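This is data_1.cif (mmCIF, C-alpha atoms).
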```cif
data_protein
loop_
_atom_site.group_PDB
_atom_site.id
_atom_site.type_symbol
_atom_site.label_atom_id
_atom_site.label_comp_id
_atom_site.auth_asym_id
_atom_site.auth_seq_id
_atom_site.Cartn_x
_atom_site.Cartn_y
_atom_site.Cartn_z
ATOM 1 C CA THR A 5 12.235 -0.063 -8.342
ATOM 2 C CA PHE A 6 8.451 -0.488 -9.033
ATOM 3 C CA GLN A 7 6.511 1.830 -6.618
ATOM 4 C CA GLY A 8 3.018 0.230 -6.926
ATOM 5 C CA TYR A 9 0.509 1.871 -4.498
ATOM 6 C CA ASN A 10 1.521 0.003 -1.241
ATOM 7 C CA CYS A 11 4.288 -2.248 0.261
ATOM 8 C CA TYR A 12 2.586 -5.457 -1.089
ATOM 9 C CA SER A 13 1.809 -4.207 -4.678
ATOM 10 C CA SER A 14 5.399 -2.748 -4.874
ATOM 11 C CA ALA A 15 6.938 -6.210 -4.070
ATOM 12 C CA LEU A 16 4.680 -8.127 -6.583
ATOM 13 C CA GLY A 17 5.290 -5.518 -9.350
ATOM 14 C CA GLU A 18 9.099 -5.443 -8.731
ATOM 15 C CA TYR A 19 9.175 -9.317 -8.943
ATOM 16 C CA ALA A 20 7.023 -9.117 -12.153
ATOM 17 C CA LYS A 21 9.254 -6.356 -13.713
ATOM 18 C CA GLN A 22 12.557 -8.274 -13.030
ATOM 19 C CA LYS A 23 11.108 -11.595 -14.426
ATOM 20 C CA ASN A 24 8.941 -9.763 -17.091
ATOM 21 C CA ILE A 25 5.738 -11.602 -15.944
ATOM 22 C CA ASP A 26 2.979 -10.060 -18.166
ATOM 23 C CA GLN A 27 -0.021 -7.978 -16.882
ATOM 24 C CA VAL A 28 0.931 -7.830 -13.106
ATOM 25 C CA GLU A 29 2.266 -4.192 -13.294
ATOM 26 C CA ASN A 30 -0.700 -2.934 -15.451
ATOM 27 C CA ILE A 31 -3.324 -4.531 -13.077
ATOM 28 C CA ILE A 32 -1.512 -2.813 -10.093
ATOM 29 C CA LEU A 33 -1.134 0.607 -11.880
ATOM 30 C CA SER A 34 -4.906 0.551 -12.831
ATOM 31 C CA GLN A 35 -6.143 -0.238 -9.234
ATOM 32 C CA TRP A 36 -8.746 2.268 -7.860
ATOM 33 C CA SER A 37 -9.757 1.524 -4.209
ATOM 34 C CA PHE A 38 -10.479 3.124 -0.776
ATOM 35 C CA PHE A 39 -11.282 1.358 2.567
ATOM 36 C CA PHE A 40 -12.076 2.558 6.145
ATOM 37 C CA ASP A 41 -12.117 0.250 9.250
ATOM 38 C CA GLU A 42 -13.408 2.147 12.369
ATOM 39 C CA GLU A 43 -12.324 -0.780 14.688
ATOM 40 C CA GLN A 44 -8.682 -0.712 13.346
ATOM 41 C CA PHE A 45 -8.814 3.140 13.876
ATOM 42 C CA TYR A 46 -9.333 2.851 17.708
ATOM 43 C CA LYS A 47 -6.742 -0.034 17.898
ATOM 44 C CA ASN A 48 -4.274 2.400 16.145
ATOM 45 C CA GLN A 49 -3.772 -0.168 13.307
ATOM 46 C CA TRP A 50 -3.584 0.868 9.577
ATOM 47 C CA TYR A 51 -7.306 1.795 9.225
ATOM 48 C CA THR A 52 -7.689 3.567 5.785
ATOM 49 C CA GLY A 53 -6.036 4.181 2.355
ATOM 50 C CA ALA A 54 -6.109 2.093 -0.882
ATOM 51 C CA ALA A 55 -6.398 -1.439 0.661
ATOM 52 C CA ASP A 56 -6.434 -3.488 3.915
ATOM 53 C CA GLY A 57 -3.038 -5.202 4.566
ATOM 54 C CA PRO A 58 -0.436 -6.434 4.873
ATOM 55 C CA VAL A 59 -1.482 -8.724 1.916
ATOM 56 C CA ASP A 60 -3.721 -6.849 -0.621
ATOM 57 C CA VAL A 61 -6.307 -9.696 -1.014
ATOM 58 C CA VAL A 62 -8.473 -7.558 -3.430
ATOM 59 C CA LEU A 63 -5.379 -7.123 -5.729
ATOM 60 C CA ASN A 64 -4.847 -10.960 -5.520
ATOM 61 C CA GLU A 65 -8.506 -11.464 -6.692
ATOM 62 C CA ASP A 66 -7.958 -8.911 -9.572
ATOM 63 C CA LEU A 67 -4.768 -10.807 -10.704
ATOM 64 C CA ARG A 68 -6.755 -14.131 -10.731
ATOM 65 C CA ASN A 69 -10.070 -12.706 -12.153
ATOM 66 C CA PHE A 70 -8.375 -10.744 -15.053
ATOM 67 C CA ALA A 71 -5.044 -12.496 -15.881
ATOM 68 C CA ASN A 72 -5.543 -16.011 -14.322
ATOM 69 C CA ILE A 73 -2.396 -15.123 -12.235
ATOM 70 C CA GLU A 74 -2.425 -16.735 -8.714
ATOM 71 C CA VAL A 75 -0.478 -15.552 -5.602
ATOM 72 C CA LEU A 76 0.285 -18.624 -3.375
ATOM 73 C CA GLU A 77 1.138 -17.812 0.306
ATOM 74 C CA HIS A 78 3.807 -20.195 1.781
ATOM 75 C CA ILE A 79 4.219 -20.540 5.616
ATOM 76 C CA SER A 80 7.533 -22.045 6.955
ATOM 77 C CA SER A 81 9.560 -22.529 10.225
ATOM 78 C CA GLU A 82 12.940 -21.482 11.802
ATOM 79 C CA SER A 83 14.628 -24.804 10.760
ATOM 80 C CA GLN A 84 13.248 -24.827 7.133
ATOM 81 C CA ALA A 85 12.854 -21.174 5.912
ATOM 82 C CA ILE A 86 16.468 -20.586 4.609
ATOM 83 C CA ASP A 87 16.833 -24.111 3.013
ATOM 84 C CA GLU A 88 13.445 -23.531 1.221
ATOM 85 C CA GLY A 89 14.869 -20.050 0.331
ATOM 86 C CA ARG A 90 17.890 -21.543 -1.574
ATOM 87 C CA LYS A 91 15.514 -23.846 -3.592
ATOM 88 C CA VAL A 92 13.241 -20.820 -4.483
ATOM 89 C CA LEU A 93 16.280 -18.659 -5.563
ATOM 90 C CA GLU A 94 17.579 -21.651 -7.656
ATOM 91 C CA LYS A 95 14.103 -22.109 -9.331
ATOM 92 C CA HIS A 96 12.736 -18.480 -9.595
ATOM 93 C CA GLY A 97 15.784 -16.214 -8.814
ATOM 94 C CA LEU A 98 13.784 -14.127 -6.231
ATOM 95 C CA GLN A 99 11.640 -14.751 -3.075
ATOM 96 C CA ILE A 100 8.971 -12.222 -1.859
ATOM 97 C CA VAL A 101 9.081 -12.352 2.015
ATOM 98 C CA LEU A 102 6.845 -10.775 4.732
ATOM 99 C CA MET A 103 9.218 -8.971 7.192
ATOM 100 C CA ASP A 104 8.951 -6.924 10.439
ATOM 101 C CA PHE A 105 9.906 -3.354 9.277
ATOM 102 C CA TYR A 106 11.342 -2.794 12.837
ATOM 103 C CA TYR A 107 14.523 -4.611 11.569
ATOM 104 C CA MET A 108 14.547 -2.759 8.150
ATOM 105 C CA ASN A 109 13.820 1.010 8.761
ATOM 106 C CA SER A 110 14.152 1.831 4.987
ATOM 107 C CA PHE A 111 12.570 5.383 5.139
ATOM 108 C CA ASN A 112 14.239 8.704 6.205
ATOM 109 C CA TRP A 113 11.754 10.646 8.460
ATOM 110 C CA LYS A 114 14.497 13.284 9.166
ATOM 111 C CA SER A 115 14.008 14.399 5.473
ATOM 112 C CA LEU A 116 10.447 15.536 6.538
ATOM 113 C CA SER A 117 11.783 17.138 9.826
ATOM 114 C CA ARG A 118 10.557 14.180 12.015
ATOM 115 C CA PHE A 119 13.588 13.336 14.273
ATOM 116 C CA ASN A 120 11.573 11.516 17.044
ATOM 117 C CA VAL A 121 11.483 8.357 14.810
ATOM 118 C CA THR A 122 9.600 5.666 16.878
ATOM 119 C CA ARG A 123 10.674 2.103 15.799
ATOM 120 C CA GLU A 124 7.377 0.107 15.392
ATOM 121 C CA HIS A 125 6.730 -3.629 14.638
ATOM 122 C CA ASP A 126 4.980 -3.007 11.242
ATOM 123 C CA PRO A 127 4.637 -5.756 8.569
ATOM 124 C CA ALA A 128 6.454 -4.977 5.246
ATOM 125 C CA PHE A 129 7.532 -6.870 2.044
ATOM 126 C CA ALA A 130 11.117 -7.365 0.724
ATOM 127 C CA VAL A 131 12.465 -9.215 -2.381
ATOM 128 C CA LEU A 132 15.262 -11.671 -1.351
ATOM 129 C CA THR A 133 17.921 -11.738 -4.169
ATOM 130 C CA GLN A 134 20.813 -13.700 -2.496
ATOM 131 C CA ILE A 135 21.471 -16.073 0.491
ATOM 132 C CA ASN A 136 25.088 -16.054 1.871
ATOM 133 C CA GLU A 137 26.716 -17.968 4.818
ATOM 134 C CA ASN A 138 25.899 -15.261 7.462
ATOM 135 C CA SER A 139 23.852 -12.629 5.490
ATOM 136 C CA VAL A 140 21.180 -12.079 2.760
ATOM 137 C CA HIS A 141 20.672 -9.322 0.103
ATOM 138 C CA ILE A 142 17.076 -7.886 0.005
ATOM 139 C CA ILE A 143 15.377 -5.114 -2.076
ATOM 140 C CA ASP A 144 12.750 -2.854 -0.389
ATOM 141 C CA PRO A 145 11.110 -1.760 -3.695
ATOM 142 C CA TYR A 146 8.465 0.439 -1.908
ATOM 143 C CA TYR A 147 11.201 2.627 -0.224
ATOM 144 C CA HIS A 148 13.623 2.298 -3.235
ATOM 145 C CA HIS A 149 16.236 0.801 -0.820
ATOM 146 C CA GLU A 150 18.457 -2.353 -0.927
ATOM 147 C CA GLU A 151 20.741 -3.688 1.881
ATOM 148 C CA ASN A 152 22.711 -6.748 3.082
ATOM 149 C CA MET A 153 21.037 -7.983 6.342
ATOM 150 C CA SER A 154 22.690 -10.346 8.926
ATOM 151 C CA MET A 155 21.192 -13.914 8.804
ATOM 152 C CA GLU A 156 20.215 -13.425 12.522
ATOM 153 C CA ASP A 157 18.296 -10.117 11.841
ATOM 154 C CA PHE A 158 16.686 -11.685 8.678
ATOM 155 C CA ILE A 159 15.413 -14.828 10.542
ATOM 156 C CA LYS A 160 14.175 -12.612 13.480
ATOM 157 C CA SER A 161 12.383 -10.092 11.131
ATOM 158 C CA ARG A 162 10.488 -13.071 9.520
ATOM 159 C CA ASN A 163 9.460 -14.689 12.895
ATOM 160 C CA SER A 164 8.331 -11.470 14.719
ATOM 161 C CA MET A 165 4.919 -10.559 16.269
ATOM 162 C CA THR A 166 3.654 -7.360 14.481
ATOM 163 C CA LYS A 167 0.706 -5.015 15.348
ATOM 164 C CA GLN A 168 -1.151 -6.657 12.355
ATOM 165 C CA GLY A 169 -0.350 -10.327 13.296
ATOM 166 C CA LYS A 170 2.385 -13.027 13.678
ATOM 167 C CA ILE A 171 4.879 -13.528 10.757
ATOM 168 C CA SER A 172 5.994 -17.202 10.289
ATOM 169 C CA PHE A 173 8.509 -16.900 7.369
ATOM 170 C CA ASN A 174 5.561 -16.083 4.993
ATOM 171 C CA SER A 175 6.600 -15.976 1.279
ATOM 172 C CA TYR A 176 4.430 -15.233 -1.819
ATOM 173 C CA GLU A 177 4.861 -17.145 -5.140
ATOM 174 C CA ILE A 178 3.336 -15.642 -8.360
ATOM 175 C CA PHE A 179 2.466 -18.126 -11.159
ATOM 176 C CA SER A 180 0.287 -17.652 -14.297
ATOM 177 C CA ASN A 181 -1.990 -20.679 -15.058
ATOM 178 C CA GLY A 182 -2.448 -19.037 -18.534
ATOM 179 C CA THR A 183 -2.111 -15.216 -18.787
ATOM 180 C CA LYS A 184 -5.031 -13.271 -20.364
ATOM 181 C CA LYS A 185 -3.898 -9.831 -21.714
ATOM 182 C CA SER A 186 -6.272 -6.916 -20.791
ATOM 183 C CA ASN A 187 -6.618 -3.426 -22.399
ATOM 184 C CA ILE A 188 -5.875 -0.583 -19.872
ATOM 185 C CA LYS A 189 -9.438 0.807 -20.594
ATOM 186 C CA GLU A 190 -11.018 -2.598 -19.595
ATOM 187 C CA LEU A 191 -8.962 -2.751 -16.316
ATOM 188 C CA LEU A 192 -9.908 0.892 -15.417
ATOM 189 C CA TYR A 193 -13.659 0.452 -16.291
ATOM 190 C CA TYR A 194 -14.008 -2.625 -13.948
ATOM 191 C CA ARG A 195 -12.166 -0.743 -11.114
ATOM 192 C CA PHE A 196 -14.250 2.498 -11.457
ATOM 193 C CA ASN A 197 -17.567 0.544 -11.852
ATOM 194 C CA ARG A 198 -16.697 -1.534 -8.689
ATOM 195 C CA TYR A 199 -15.591 1.693 -6.837
ATOM 196 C CA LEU A 200 -19.088 3.253 -7.453
ATOM 197 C CA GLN A 201 -21.147 0.001 -6.988
ATOM 198 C CA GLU A 202 -19.340 -0.759 -3.629
ATOM 199 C CA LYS A 203 -19.718 3.003 -2.722
ATOM 200 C CA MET A 204 -15.966 3.187 -1.772
ATOM 201 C CA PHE A 205 -16.459 7.036 -1.825
ATOM 202 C CA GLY A 206 -18.763 6.535 1.250
ATOM 203 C CA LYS A 207 -15.744 5.080 3.175
ATOM 204 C CA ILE A 208 -14.023 8.525 2.647
ATOM 205 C CA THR A 209 -17.175 10.198 4.171
ATOM 206 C CA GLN A 210 -17.008 7.787 7.209
ATOM 207 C CA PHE A 211 -13.240 8.580 7.613
ATOM 208 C CA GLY A 212 -14.127 12.336 7.573
ATOM 209 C CA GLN A 213 -16.919 11.893 10.210
ATOM 210 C CA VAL A 214 -14.522 9.920 12.542
ATOM 211 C CA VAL A 215 -11.804 12.679 12.120
ATOM 212 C CA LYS A 216 -14.359 15.408 13.160
ATOM 213 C CA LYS A 217 -15.043 13.416 16.414
ATOM 214 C CA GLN A 218 -11.283 13.383 17.421
ATOM 215 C CA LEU A 219 -11.792 17.143 18.293
ATOM 216 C CA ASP A 220 -11.074 16.352 22.024
ATOM 217 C CA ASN A 221 -8.835 13.208 21.674
ATOM 218 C CA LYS A 222 -5.518 14.074 23.489
ATOM 219 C CA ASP A 223 -3.835 11.157 21.563
ATOM 220 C CA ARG A 224 -2.872 12.364 18.009
ATOM 221 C CA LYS A 225 -1.133 9.168 16.649
ATOM 222 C CA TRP A 226 -4.308 8.325 14.574
ATOM 223 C CA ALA A 227 -3.263 11.378 12.419
ATOM 224 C CA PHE A 228 0.283 9.925 11.833
ATOM 225 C CA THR A 229 -1.232 6.477 10.951
ATOM 226 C CA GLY A 230 -3.737 8.272 8.617
ATOM 227 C CA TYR A 231 -0.871 10.255 6.956
ATOM 228 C CA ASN A 232 1.029 6.952 6.256
ATOM 229 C CA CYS A 233 -2.173 5.087 5.105
ATOM 230 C CA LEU A 234 -3.143 7.825 2.534
ATOM 231 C CA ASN A 235 0.280 7.572 0.713
ATOM 232 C CA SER A 236 -1.360 4.624 -1.196
ATOM 233 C CA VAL A 237 -4.210 6.978 -2.397
ATOM 234 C CA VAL A 238 -1.697 9.688 -3.602
ATOM 235 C CA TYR A 239 0.175 6.850 -5.480
ATOM 236 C CA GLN A 240 -3.034 5.475 -7.179
ATOM 237 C CA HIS A 241 -3.840 9.087 -8.343
ATOM 238 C CA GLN A 242 -0.225 9.538 -9.651
ATOM 239 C CA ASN A 243 -0.327 6.028 -11.299
ATOM 240 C CA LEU A 244 -3.562 7.023 -13.182
ATOM 241 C CA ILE A 245 -1.925 10.371 -14.288
ATOM 242 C CA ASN A 246 1.029 8.262 -15.655
ATOM 243 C CA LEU A 247 -1.425 5.816 -17.416
ATOM 244 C CA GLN A 248 -3.350 8.866 -18.855
ATOM 245 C CA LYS A 249 -0.082 10.312 -20.356
ATOM 246 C CA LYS A 250 1.372 6.902 -21.509
ATOM 247 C CA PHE A 251 -1.904 5.676 -23.198
ATOM 248 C CA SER A 252 -3.372 9.177 -24.044
ATOM 249 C CA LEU A 253 -6.567 8.309 -22.024
ATOM 250 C CA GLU A 254 -9.585 10.684 -21.716
ATOM 251 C CA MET A 255 -9.888 11.690 -17.996
ATOM 252 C CA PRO A 256 -12.118 14.262 -16.220
ATOM 253 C CA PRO A 257 -10.148 17.556 -16.039
ATOM 254 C CA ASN A 258 -9.703 17.695 -12.182
ATOM 255 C CA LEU A 259 -7.414 14.589 -11.661
ATOM 256 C CA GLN A 260 -4.294 16.700 -10.732
ATOM 257 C CA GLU A 261 -6.628 18.806 -8.456
ATOM 258 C CA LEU A 262 -7.840 15.593 -6.633
ATOM 259 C CA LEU A 263 -4.165 14.481 -6.121
ATOM 260 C CA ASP A 264 -3.436 18.039 -4.747
ATOM 261 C CA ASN A 265 -6.540 17.682 -2.446
ATOM 262 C CA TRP A 266 -5.160 14.333 -1.054
ATOM 263 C CA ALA A 267 -1.601 15.833 -0.704
ATOM 264 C CA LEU A 268 -3.138 18.747 1.342
ATOM 265 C CA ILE A 269 -5.151 16.306 3.598
ATOM 266 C CA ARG A 270 -1.837 14.411 4.289
ATOM 267 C CA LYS A 271 0.028 17.744 4.959
ATOM 268 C CA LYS A 272 -2.711 18.859 7.469
ATOM 269 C CA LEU A 273 -2.744 15.391 9.212
ATOM 270 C CA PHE A 274 1.122 15.512 9.525
ATOM 271 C CA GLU A 275 0.940 19.142 10.882
ATOM 272 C CA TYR A 276 -1.816 18.112 13.403
ATOM 273 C CA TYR A 277 0.233 15.058 14.627
ATOM 274 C CA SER A 278 3.451 17.191 14.974
ATOM 275 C CA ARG A 279 1.438 19.794 17.034
ATOM 276 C CA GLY A 280 1.693 22.554 14.350
ATOM 277 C CA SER A 281 -2.149 23.022 14.456
ATOM 278 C CA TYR A 282 -5.448 22.307 16.375
ATOM 279 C CA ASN A 283 -7.878 22.036 13.380
ATOM 280 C CA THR A 284 -9.628 18.578 13.300
ATOM 281 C CA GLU A 285 -12.735 20.495 11.991
ATOM 282 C CA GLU A 286 -10.783 21.827 8.916
ATOM 283 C CA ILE A 287 -9.338 18.306 8.131
ATOM 284 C CA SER A 288 -12.809 16.577 8.370
ATOM 285 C CA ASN A 289 -14.261 19.318 6.041
ATOM 286 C CA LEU A 290 -11.522 18.569 3.391
ATOM 287 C CA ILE A 291 -12.043 14.735 3.685
ATOM 288 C CA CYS A 292 -15.891 15.097 3.344
ATOM 289 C CA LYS A 293 -15.470 17.440 0.272
ATOM 290 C CA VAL A 294 -12.889 15.151 -1.533
ATOM 291 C CA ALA A 295 -15.369 12.240 -0.865
ATOM 292 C CA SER A 296 -17.974 14.139 -3.018
ATOM 293 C CA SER A 297 -15.281 15.103 -5.635
ATOM 294 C CA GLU A 298 -13.996 11.445 -5.839
ATOM 295 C CA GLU A 299 -17.623 10.194 -6.412
ATOM 296 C CA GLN A 300 -18.200 12.865 -9.164
ATOM 297 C CA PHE A 301 -14.768 11.980 -10.740
ATOM 298 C CA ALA A 302 -15.477 8.177 -10.794
ATOM 299 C CA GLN A 303 -18.919 8.792 -12.466
ATOM 300 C CA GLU A 304 -17.303 11.105 -15.125
ATOM 301 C CA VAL A 305 -14.512 8.476 -15.781
ATOM 302 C CA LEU A 306 -17.152 5.791 -16.746
ATOM 303 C CA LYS A 307 -18.696 8.313 -19.260
ATOM 304 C CA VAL A 308 -15.478 9.753 -20.905
ATOM 305 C CA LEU A 309 -13.141 6.652 -20.622
#
```
Please rewrite the model in this file as structure tokens.
Amino acid sequence: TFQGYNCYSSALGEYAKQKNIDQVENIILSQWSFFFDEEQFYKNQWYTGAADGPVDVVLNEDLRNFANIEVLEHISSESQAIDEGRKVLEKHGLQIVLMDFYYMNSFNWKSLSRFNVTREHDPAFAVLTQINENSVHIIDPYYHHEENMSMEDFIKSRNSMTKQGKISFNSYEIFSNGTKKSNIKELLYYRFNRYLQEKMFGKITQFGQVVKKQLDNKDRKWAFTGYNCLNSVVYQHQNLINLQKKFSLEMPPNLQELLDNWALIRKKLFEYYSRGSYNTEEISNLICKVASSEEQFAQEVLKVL
């Protein structure tokens, strides 16, 4: 399945790939973004990474501003959602649905030696492929997982209160009003120009400063949330490496090094959360130094791209 850089981009790109809708995948694979929300941090919500969620509104703007591709959010009810489902499958073959991940649990934490696997009410995105009498078939493209789900569990997952808001059978319809094809170099230049002009690198510096100040915070779950959030950043870096190789792009020489830097930050956050360390100072230092390296990189991309 299409990985994207987060749960939302994965679902859009998988839909696009299966229905070969032009430009969606390229606009996702060329995304370059970082955010930090200090208020979400202290409410232990998803507070950093590539984009705010669950819907990547900035990606939705990029789709409309580059390709004239709109994403239309549909809200429904208990009595209507499945009937509307059958009409969408008959017309488009697939439905992108906002789901409570509590009822999915698509990822294997035991693979990373985390056996104390807390079930949380997190918003996620699935692609509905089939509606049966008493069950549905869904793809979780982000966790490369498909499953048949009971109609009861499916309806409940789509009507659940999550830590990032209330789901009401939300579905997301892509349609091109007239697709404009973009060169990969154009897509990357806009992203890297915006990244510098909005000083997105400064949000990495903020993140680093807030990590330093958790020195004497007995609660460590911010580190687990951070670990999960930064997966999107690792993916963007990997996506650019794949674009570089596929299109033979000119990149600054330290792109693999920056990915390695982000992988290390994630490793140290995971180790801190799982009580393998006591080094908030060391993690803040790494975040504040990759902030400088990401700024330098972005500036060199505009020159050599």
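Restricting the calculation to only C-alpha atoms, the smallest distance between residue A:204 and any of A:103, A:108, A:165, A:302 is found for A:302.
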Which residue is closest to residue A:187? Choose from A:98, A:93, A:71, A:208 and count all atoms listed in the file.
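Smallest separation from residue A:187 among the options: A:71.
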Please expand the PyMOL selection byres ((chain A and resi 170) around 12) into the concrete residues it hits in this file, giving the result as an NGL selection string.
:A and (58 or 79 or 102-104 or 125-127 or 160-169 or 171-174)
Step by step, work through what the PyMOL selection byres ((chain A and resi 140) around 12) selects in the shown file, and finish by giving those residues as JSON, numbers by chain.
{"A": [86, 89, 90, 93, 98, 99, 130, 131, 132, 133, 134, 135, 136, 137, 138, 139, 141, 142, 143, 150, 151, 152, 153, 154, 155, 156, 157, 158, 159]}
Near residue A:288, within 6 Å and counting all atoms listed in the file, which residues show up once chain neighbours fewer than 3 positions away are dropped, as a list in words?
residues 212, 215, 216, 285 and 291 of chain A
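Here atom CA of residue A:49 stands at a distance of 17.6 Å from atom CA of residue A:222.
Of note, atom CA of residue A:65 and atom CA of residue A:44 are spaced 22.7 Å apart.
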For residue A:210, work out the shell of residues within 10 Å, counting all atoms listed in the file and skipping chain neighbours fewer than 5 positions away, then give it as a list in words.
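Near neighbours after the sequence-gap exclusion: residues 39, 40, 41, 42, 205, 215, 288, 291, 292 and 295 of chain A.
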Which residue gives the smallest distance to residue A:223 among A:279, A:68, A:96, A:195, with all atoms listed in the file counted?
A:279
Take the PyMOL selection byres ((chain A and resi 273) around 8), apply it to the structure above, and return the hits as a VMD selection string.
chain A and resid 227 to 228 230 to 231 269 to 272 274 to 277 287
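Restricting the calculation to only C-alpha atoms, the smallest distance between residue A:237 and any of A:265, A:115, A:299, A:129 is found for A:265.
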Between A:229, A:30, A:211, A:188, which residue has the minimum interatomic distance to residue A:124, considering all atoms listed in the file?
A:229
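Shortest separation to residue A:56 among A:185, A:97, A:194, A:11 occurs at residue A:11, atoms counted being only C-alpha atoms.
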Around (-8.2, 10.2, -20.2) in the file's frame, which residues reach within 8 Å when counting all atoms listed in the file? Return as an MDAnalysis selection string?
chainID A and resid 248 252:256 305 308:309
Saved selection, atoms kept: C-alpha atoms, as a PDB file, in the frame of the given file:
```pdb
ATOM      1  CA  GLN A 248      -3.350   8.866 -18.855  1.00  0.00           C
ATOM      2  CA  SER A 252      -3.372   9.177 -24.044  1.00  0.00           C
ATOM      3  CA  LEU A 253      -6.567   8.309 -22.024  1.00  0.00           C
ATOM      4  CA  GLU A 254      -9.585  10.684 -21.716  1.00  0.00           C
ATOM      5  CA  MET A 255      -9.888  11.690 -17.996  1.00  0.00           C
ATOM      6  CA  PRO A 256     -12.118  14.262 -16.220  1.00  0.00           C
ATOM      7  CA  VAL A 305     -14.512   8.476 -15.781  1.00  0.00           C
ATOM      8  CA  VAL A 308     -15.478   9.753 -20.905  1.00  0.00           C
ATOM      9  CA  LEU A 309     -13.141   6.652 -20.622  1.00  0.00           C
TER      10      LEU A 309
END
```
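Atom to atom, atom CA of residue A:303 and atom CA of residue A:191 stand 15.7 Å apart.
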Which residues, written as a ChimeraX atom specification, have at least one atom at most 12 Å from residue A:17, with all atoms listed in the file counted and residues fewer than 2 positions away on the same chain left out?
/A:5-15,19-33,63,67,100,129-131,144-146,178
Can you complete the atoms of stretch 129-141 of chain A to N, CA, C and O atoms and list them as an mmCIF file, keeping the file's coordinate frame?
```
data_model
loop_
_atom_site.group_PDB
_atom_site.id
_atom_site.type_symbol
_atom_site.label_atom_id
_atom_site.label_comp_id
_atom_site.auth_asym_id
_atom_site.auth_seq_id
_atom_site.Cartn_x
_atom_site.Cartn_y
_atom_site.Cartn_z
ATOM 1 N N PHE A 129 7.157 -5.862 3.070
ATOM 2 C CA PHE A 129 7.532 -6.870 2.044
ATOM 3 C C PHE A 129 8.879 -6.501 1.424
ATOM 4 O O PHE A 129 9.059 -5.341 1.002
ATOM 5 N N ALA A 130 9.794 -7.473 1.376
ATOM 6 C CA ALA A 130 11.117 -7.365 0.724
ATOM 7 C C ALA A 130 11.234 -8.453 -0.344
ATOM 8 O O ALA A 130 10.529 -9.481 -0.235
ATOM 9 N N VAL A 131 12.081 -8.214 -1.345
ATOM 10 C CA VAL A 131 12.465 -9.215 -2.381
ATOM 11 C C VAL A 131 13.872 -9.709 -2.034
ATOM 12 O O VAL A 131 14.821 -8.905 -2.109
ATOM 13 N N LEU A 132 13.978 -10.969 -1.604
ATOM 14 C CA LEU A 132 15.262 -11.671 -1.351
ATOM 15 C C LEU A 132 15.911 -11.986 -2.702
ATOM 16 O O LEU A 132 15.233 -12.610 -3.544
ATOM 17 N N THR A 133 17.161 -11.557 -2.903
ATOM 18 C CA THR A 133 17.921 -11.738 -4.169
ATOM 19 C C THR A 133 19.081 -12.722 -3.974
ATOM 20 O O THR A 133 19.496 -13.326 -4.979
ATOM 21 N N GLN A 134 19.599 -12.878 -2.751
ATOM 22 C CA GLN A 134 20.813 -13.700 -2.496
ATOM 23 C C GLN A 134 20.857 -14.168 -1.038
ATOM 24 O O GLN A 134 20.573 -13.351 -0.140
ATOM 25 N N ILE A 135 21.215 -15.441 -0.837
ATOM 26 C CA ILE A 135 21.471 -16.073 0.491
ATOM 27 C C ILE A 135 22.967 -16.387 0.584
ATOM 28 O O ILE A 135 23.456 -17.159 -0.259
ATOM 29 N N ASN A 136 23.654 -15.803 1.571
ATOM 30 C CA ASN A 136 25.088 -16.054 1.871
ATOM 31 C C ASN A 136 25.181 -16.902 3.145
ATOM 32 O O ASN A 136 24.119 -17.278 3.689
ATOM 33 N N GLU A 137 26.408 -17.198 3.582
ATOM 34 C CA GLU A 137 26.716 -17.968 4.818
ATOM 35 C C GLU A 137 26.037 -17.315 6.030
ATOM 36 O O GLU A 137 25.341 -18.039 6.768
ATOM 37 N N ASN A 138 26.224 -16.003 6.212
ATOM 38 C CA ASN A 138 25.899 -15.261 7.462
ATOM 39 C C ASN A 138 25.083 -14.000 7.156
ATOM 40 O O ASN A 138 24.893 -13.190 8.083
ATOM 41 N N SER A 139 24.603 -13.835 5.921
ATOM 42 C CA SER A 139 23.852 -12.629 5.490
ATOM 43 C C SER A 139 22.990 -12.939 4.265
ATOM 44 O O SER A 139 23.200 -13.988 3.625
ATOM 45 N N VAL A 140 22.046 -12.044 3.974
ATOM 46 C CA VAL A 140 21.180 -12.079 2.760
ATOM 47 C C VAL A 140 21.200 -10.684 2.131
ATOM 48 O O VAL A 140 21.466 -9.715 2.869
ATOM 49 N N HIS A 141 20.942 -10.595 0.823
ATOM 50 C CA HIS A 141 20.672 -9.322 0.103
ATOM 51 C C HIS A 141 19.175 -9.233 -0.199
ATOM 52 O O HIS A 141 18.640 -10.182 -0.806
#
```
